[PDB]
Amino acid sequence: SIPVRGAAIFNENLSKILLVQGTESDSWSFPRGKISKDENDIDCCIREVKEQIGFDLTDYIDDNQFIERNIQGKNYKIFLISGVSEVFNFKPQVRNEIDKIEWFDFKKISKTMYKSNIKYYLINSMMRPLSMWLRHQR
């Protein structure tokens, strides 16, 4: 079962997180993808995030700052990113995969995700350390 790497991408004010919705599920989650072959974790993240939203994380990523979870036999490592422009025109660079890319108010997700029609993946299980990291970034 191949490891998956992706990114929790926050805006400059640390108020919003950028989530993606695939074309085959209504769940919102981090831009992310599988290890291709022998590439390291950060290069995987940079490549997959660029494919899904068209933004290059090379100069934003820190290999020390991530949240790691094992789910259904899969290791997920989600790198923590801040300072990304809210006016960047995100768009997928691969076909038929990503339906929507949208900024979400982070505080609101934490207060609503349990009583909402909106579906999420991964971010539900990472909310506590995400929240701590956000506080720490201030």
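Position 1 is the first residue in the sequence shown; the rest follow in order.
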Of 46 to 54 and 59 to 67, the stretch whose C-alpha atoms average the higher B-factor in the entry: 59 to 67
Segment of higher mean CA temperature factor, 119 to 127 or 20 to 28: 119 to 127
From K100, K37, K77, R95, residue of greatest CA B-factor: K37
Out of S85, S82, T112, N89, residue topping the C-alpha B-factor column of the entry: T112
